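One chain comes next, on its own, written as structure tokens: the form deposited in one PDB entry.
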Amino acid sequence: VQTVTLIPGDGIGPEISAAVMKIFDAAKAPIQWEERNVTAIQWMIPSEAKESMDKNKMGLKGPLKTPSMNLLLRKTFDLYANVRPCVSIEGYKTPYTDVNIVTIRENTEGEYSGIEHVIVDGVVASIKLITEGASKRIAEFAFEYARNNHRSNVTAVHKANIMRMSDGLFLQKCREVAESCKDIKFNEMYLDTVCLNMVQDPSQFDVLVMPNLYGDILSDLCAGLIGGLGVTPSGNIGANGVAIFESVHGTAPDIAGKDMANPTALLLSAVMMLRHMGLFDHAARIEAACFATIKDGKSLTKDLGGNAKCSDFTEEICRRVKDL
């Protein structure tokens, strides 16, 4: 029974953080919550927070309000791999029904290198950085994720036709890892083709690995295929075995305390959390109990949406997770 640094965050942060804990022990989970506040000071994040995370290794983070803490937590814990598994959800139906993609985004260098120069008046050069080190590391993580999560194919996504030196070296590191891991089927594809086919037949894609800006855009389009950021789990993996799993929707301050929110997304990042540790049994139950709640009917939130409030939704998940 280990401890998980909890970061409720602002607006609807606390309510959906309450809903996740309620379901987490309604379901026998060997997890106890060590709440914490994260915030820039002096910048920095508090002593309070840096040492919980460097002790527990596992955090779950709600919607923070808006130095970028997105960027702070990345640089403070070396969050180098953004993971977003998108799965169509029965009951919450979009025009796309067959989706099951995992996007794996390099999260340190790439187009978000922070280097821009004004070359002269009216002429800006923004510098994209691609390194042997980081590309190899996100590729190793991509293939390791594919095995441990029983995944058949890993596609590298690139534009090495246009950006030959940089996207090329990213690709070169994906190739070297793939020849050292023939268990998993590897292909390459241009970003524009991946975009073109995604909105036509998303079902043909398995694990997508790609550098920073492409991963930023694709992860969002995929989540748009399954229903939005209100239903999307996300995780970030760092150095020395730290990992932070999170909401990525807004705080929704205008309904912040009216039992009206929907905790699906953070609850699913928690599920994704357990799976990361171990505890698949608990994950499968919580997840299945969630999936069955959304499909069965009018116990639905307003934003998904029915006319039931957040802890009616949450309590039915508790009701059903107790009957494995």
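We number the residues from 1 along the sequence you see.
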Gap size, residue 67 back to residue 66 (deposited sequence, no coordinates): 4 to 9
Residues of the deposited sequence left unbuilt between residue 43 and residue 42: 4 to 9
267 to 275 set against 25 to 33, stretch whose average Cα temperature factor tops the other in the entry: 25 to 33
Stretch with the greater mean C-alpha B-factor as recorded in the entry, comparing 69 to 77 against 221 to 229: 69 to 77
Chain third (lowest, middle, highest) by recorded CA B-factor, residue given as residue 133: middle
Relative C-alpha B-factor of residue 178, binned into the chain's lowest, middle or highest third: middle
Third of the chain, ranked by Cα B-factor, where residue 215 sits: lowest
CA B-factor ranking of residue 114, expressed as a third of its chain: lowest
Residue 168, C-alpha B-factor rank within chain (lowest, middle or highest third): lowest
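What comes next is about the form deposited in another entry, which does not appear here.
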Pairwise C-alpha change, residue 274 versus residue 183, in that other deposited form against this form - closer or farther, 3 angstroms or more: farther
CA-CA separation of residue 218 and residue 252, closer or farther in that other deposited form than in the form shown [shift of 3 angstroms or more]: closer
